[PDB]
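**Student:** Sharing a structure with you now.
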There are 2 protein chains.
Amino acid sequence: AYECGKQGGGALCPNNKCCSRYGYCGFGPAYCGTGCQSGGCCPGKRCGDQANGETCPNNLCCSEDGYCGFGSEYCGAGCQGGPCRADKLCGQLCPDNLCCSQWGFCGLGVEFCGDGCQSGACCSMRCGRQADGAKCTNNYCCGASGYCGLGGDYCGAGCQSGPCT
Amino acid sequence: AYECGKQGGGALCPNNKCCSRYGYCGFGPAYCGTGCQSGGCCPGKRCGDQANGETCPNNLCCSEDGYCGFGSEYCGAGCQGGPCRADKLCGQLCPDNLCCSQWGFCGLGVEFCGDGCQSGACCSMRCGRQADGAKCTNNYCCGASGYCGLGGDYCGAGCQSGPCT
Ligand SMILES: CC(=O)N[C@@H]1[C@@H](O)[C@H](O[C@@H]2O[C@H](CO)[C@H](O)[C@H](O)[C@H]2O)[C@@H](CO)O[C@H]1O
Ligand SMILES: CC(=O)N[C@@H]1[C@@H](O)[C@H](O)[C@@H](CO)O[C@@H]1O
Ligand SMILES: CC(=O)N[C@@H]1[C@@H](O)[C@H](O)[C@@H](CO)O[C@@H]1O
């Protein structure tokens, strides 16, 4: 069975393994070369202002030249996406489902996704009848018990609001 | 059909989606909370010196306190792993298959994985018959045609050295 990419339901490979053009995980030219879908593609996938605003898979950094990678060349000066070394303000959604903290910065972990989380992958953002009709952000679904999220547990049976199925 | 984690062959979810304890992708407590395997877990997965050297899935940063996340609290001062803001030296392989450039820094993209790449997910490293019996680094497989890599095309039929078949 396929492992990754279009053929694999959009899954990513573990440990920066390249997803080949055929939807399998590995390293070397056959996986990381022409048609590489994600992982440590070589060259790096195109991104940002060089890819219609598409972000890098696997949280790679998008360089000023619009290539995906890691290192100062990618995450440092001129970085236009991913875990750039520069702080990312929000208040305006964060990219890639990153949490907008109470202080208006993008990140993951409890300081961003916990108490005061404004948007993105918040830990426990309340919604629906339990929250007096509060709406979820990011077009997330409001689950039956009144938490914002995505996936079957939130968009499935009992989904109160958002893009229920 | 499982999507991710130990049920899904170690696959990751795209765009920081959490892999639930049951092997499905999504956001909210059911996915990111207790049992979260990868993605934007809340709290972050344990990592670094606090977790037997385990790295963060999805290239999250490992904080000083050994939790996975993003933002300066995770990638900045005290960062133990992932795309820390500090340059990452190598010469001591790079974690998670990052390329060790000719200059001894970890990253991905042609500057690291291309010409002069020492180890990790190098673009093209020769091995086996076609390279005077040269062995691959990182315990990669040597393909039939004499290129280093992982996956079916390299570890499968024709494999010369490394963890073949
Ligand atoms: C370059 C490419 O995609 N090659 C694929 C092979 O990967 C694939 O074999 C699969 O390999 C994956 C790991 O890469 C895993 O070992 C699977 O079990 C295996 O099937 C092969 C399948 O026919 O197609 C090649 O084109
Ligand atoms: C949780 C949070 O939002 N913290 C941010 C921090 O990540 C960022 O580096 C800083 C920049 O001034 O602003 C806040 O402290
Ligand atoms: C490809 C490579 O190794 N480049 C490194 C760069 O990442 C690092 O920031 C710099 C520090 O002086 O040294 C080199 O330029």
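Residue numbering restarts at 1 for every chain of the structure tokens, chains are lettered A, B, ... in their displayed order, and ligands are numbered from 1 as they appear.
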Dump as a ChimeraX atom specification the residues of chain A that approach chain B to within 6 Å, counting only C-alpha atoms.
**Tutor:** /A:11-15,26-28,42-44,58,69-71,85,96,107-110,123,148-151
**Student:** Residues of chain B in helix (DSSP H, G or I) according to DSSP, as a PyMOL selection string?
**Tutor:** chain B and resi 5-7+29-32+48-50+57-59+72-75+95-97+110-113+129-131+152-155
**Student:** Could you write out that same residue set with N, CA, C and O atoms as a compact mmCIF listing (two decimals), in the first residue's frame?
**Tutor:**
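Result file is part39.txt:
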# COMPACT_ATOMS: atom_id res chain seq x y z
N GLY B 5 0.78 7.23 12.75
CA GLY B 5 1.29 6.72 14.01
C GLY B 5 1.63 5.25 13.93
O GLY B 5 1.80 4.69 12.84
N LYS B 6 1.60 4.58 15.08
CA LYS B 6 2.01 3.18 15.14
C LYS B 6 1.06 2.27 14.38
O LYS B 6 1.48 1.28 13.80
N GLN B 7 -0.18 2.73 14.20
CA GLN B 7 -1.17 1.96 13.44
C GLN B 7 -1.01 2.16 11.94
O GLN B 7 -1.56 1.40 11.14
N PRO B 29 -8.92 17.97 21.58
CA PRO B 29 -8.45 17.11 22.66
C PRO B 29 -8.33 15.64 22.27
O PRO B 29 -7.41 14.97 22.73
N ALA B 30 -9.28 15.13 21.50
CA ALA B 30 -9.28 13.72 21.13
C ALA B 30 -8.02 13.34 20.36
O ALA B 30 -7.62 12.17 20.36
N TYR B 31 -7.46 14.28 19.62
CA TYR B 31 -6.29 14.00 18.79
C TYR B 31 -5.00 14.47 19.44
O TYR B 31 -3.98 13.79 19.37
N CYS B 32 -5.03 15.69 19.98
CA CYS B 32 -3.80 16.35 20.42
C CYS B 32 -3.51 16.12 21.90
O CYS B 32 -2.42 16.42 22.38
N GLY B 48 14.18 15.16 23.78
CA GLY B 48 15.48 15.64 24.23
C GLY B 48 16.02 14.90 25.43
O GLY B 48 15.74 13.71 25.62
N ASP B 49 16.75 15.62 26.28
CA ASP B 49 17.44 15.00 27.41
C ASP B 49 16.44 14.47 28.42
O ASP B 49 16.72 13.48 29.10
N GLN B 50 15.20 14.92 28.29
CA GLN B 50 14.13 14.49 29.19
C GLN B 50 13.40 13.27 28.65
O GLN B 50 12.54 12.71 29.32
N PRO B 57 8.52 14.68 16.47
CA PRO B 57 7.95 14.42 15.15
C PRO B 57 7.54 15.71 14.43
O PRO B 57 7.33 16.74 15.06
N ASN B 58 7.48 15.64 13.10
CA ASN B 58 7.05 16.76 12.25
C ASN B 58 8.02 17.94 12.30
O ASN B 58 7.63 19.07 12.00
N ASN B 59 9.27 17.68 12.68
CA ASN B 59 10.28 18.74 12.77
C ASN B 59 9.87 19.88 13.71
O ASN B 59 10.25 21.03 13.51
N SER B 72 9.61 31.03 19.91
CA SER B 72 10.91 31.28 20.52
C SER B 72 11.10 30.45 21.79
O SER B 72 12.22 30.02 22.09
N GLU B 73 10.01 30.15 22.48
CA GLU B 73 10.06 29.34 23.70
C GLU B 73 10.58 27.93 23.42
O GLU B 73 11.02 27.23 24.33
N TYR B 74 10.43 27.48 22.18
CA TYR B 74 10.81 26.12 21.79
C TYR B 74 12.06 26.09 20.92
O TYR B 74 12.95 25.27 21.14
N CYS B 75 12.12 26.97 19.92
CA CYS B 75 13.21 26.97 18.95
C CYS B 75 14.36 27.89 19.35
O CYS B 75 15.43 27.86 18.74
N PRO B 95 20.51 14.90 13.30
CA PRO B 95 19.30 14.18 13.65
C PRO B 95 18.31 14.12 12.50
O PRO B 95 18.33 14.99 11.63
N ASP B 96 17.43 13.13 12.53
CA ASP B 96 16.32 13.02 11.58
C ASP B 96 16.75 13.23 10.13
O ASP B 96 16.04 13.86 9.34
N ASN B 97 17.86 12.60 9.77
CA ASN B 97 18.31 12.48 8.39
C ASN B 97 18.64 13.82 7.73
O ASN B 97 18.87 13.87 6.52
N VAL B 110 19.74 21.95 -1.46
CA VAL B 110 20.94 21.63 -2.23
C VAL B 110 22.25 22.09 -1.57
O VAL B 110 23.28 21.43 -1.71
N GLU B 111 22.20 23.19 -0.82
CA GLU B 111 23.40 23.71 -0.17
C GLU B 111 23.95 22.72 0.85
O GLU B 111 25.13 22.74 1.18
N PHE B 112 23.06 21.92 1.43
CA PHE B 112 23.44 20.94 2.44
C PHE B 112 23.55 19.53 1.83
O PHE B 112 24.44 18.77 2.20
N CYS B 113 22.58 19.16 1.01
CA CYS B 113 22.46 17.79 0.54
C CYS B 113 23.14 17.57 -0.81
O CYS B 113 23.26 16.44 -1.28
N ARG B 129 29.88 -1.64 -5.99
CA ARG B 129 30.69 -1.95 -7.16
C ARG B 129 31.11 -0.68 -7.89
O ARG B 129 32.22 -0.59 -8.41
N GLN B 130 30.15 0.22 -8.08
CA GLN B 130 30.35 1.39 -8.92
C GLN B 130 31.18 2.47 -8.23
O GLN B 130 31.39 3.55 -8.79
N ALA B 131 31.57 2.22 -6.98
CA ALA B 131 32.31 3.21 -6.21
C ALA B 131 33.40 2.57 -5.37
O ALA B 131 33.72 3.04 -4.28
N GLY B 152 12.25 0.98 -1.20
CA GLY B 152 12.26 -0.20 -2.07
C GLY B 152 13.37 -0.20 -3.10
O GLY B 152 13.95 -1.24 -3.39
N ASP B 153 13.57 0.94 -3.76
CA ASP B 153 14.49 1.01 -4.89
C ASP B 153 15.95 0.79 -4.48
O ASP B 153 16.80 0.55 -5.33
N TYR B 154 16.24 0.94 -3.19
CA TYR B 154 17.62 0.87 -2.71
C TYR B 154 17.85 -0.34 -1.80
O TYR B 154 18.90 -0.98 -1.87
N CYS B 155 16.90 -0.62 -0.92
CA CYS B 155 17.03 -1.73 0.01
C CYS B 155 16.43 -3.01 -0.57
O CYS B 155 16.63 -4.10 -0.04
**Student:** Choose the residue, out of B:77, B:37, B:162, B:156, that has the smallest atom-to-atom separation from ligand 2; count only C-alpha atoms and all ligand atoms.
**Tutor:**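 The shortest atom-to-atom distance to ligand 2 comes from B:77.
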**Student:** One decimal, Å: what's the distance from CA of residue 134 in chain A over to atom 11 (C, counted along the ligand's line) of ligand 2, could you say?
**Tutor:**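 So the two atoms, CA of residue 134 in chain A and atom 11 (C, counted along the ligand's line) of ligand 2, lie 28.9 Å apart.
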**Student:** Quick check, in Å to one decimal: how far apart do CA of residue 38 in chain A and atom 11 (O, counted along the ligand's line) of ligand 1 lie?
**Tutor:**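 Between CA of residue 38 in chain A and atom 11 (O, counted along the ligand's line) of ligand 1 the gap works out to 15.5 Å.
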**Student:** Run DSSP on the backbone of this structure and report the residues of range 3-138 of chain B it assigns to strand (DSSP E), as number ranges by chain.
**Tutor:** B: 18-19, 25-26, 61-62, 68-69, 99-100, 106-107
**Student:** In Å, rounded to a single decimal, give me how far CA of residue 19 in chain A is from CA of residue 133 in chain B.
**Tutor:** 27.9 Å
**Student:** Please list as JSON, numbers by chain every residue within 7 Å of residue 64 in chain B, counting only C-alpha atoms and excluding residues in the same chain fewer than 3 positions away.
**Tutor:** {"B": [78, 79, 80]}
**Student:** Keeping only N, CA, C and O atoms, write the selected residues to a file as an mmCIF file, in the first residue's frame.
**Tutor:**
data_model
loop_
_atom_site.group_PDB
_atom_site.id
_atom_site.type_symbol
_atom_site.label_atom_id
_atom_site.label_comp_id
_atom_site.auth_asym_id
_atom_site.auth_seq_id
_atom_site.Cartn_x
_atom_site.Cartn_y
_atom_site.Cartn_z
ATOM 1 N N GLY B 78 17.882 27.593 24.498
ATOM 2 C CA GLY B 78 17.719 26.303 25.171
ATOM 3 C C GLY B 78 17.167 25.195 24.287
ATOM 4 O O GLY B 78 17.055 24.050 24.722
ATOM 5 N N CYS B 79 16.874 25.516 23.032
ATOM 6 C CA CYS B 79 16.356 24.519 22.097
ATOM 7 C C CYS B 79 17.322 23.341 22.002
ATOM 8 O O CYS B 79 18.542 23.536 21.903
ATOM 9 N N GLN B 80 16.779 22.126 22.089
ATOM 10 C CA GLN B 80 17.584 20.903 22.109
ATOM 11 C C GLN B 80 17.608 20.190 20.765
ATOM 12 O O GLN B 80 18.317 19.193 20.613
#
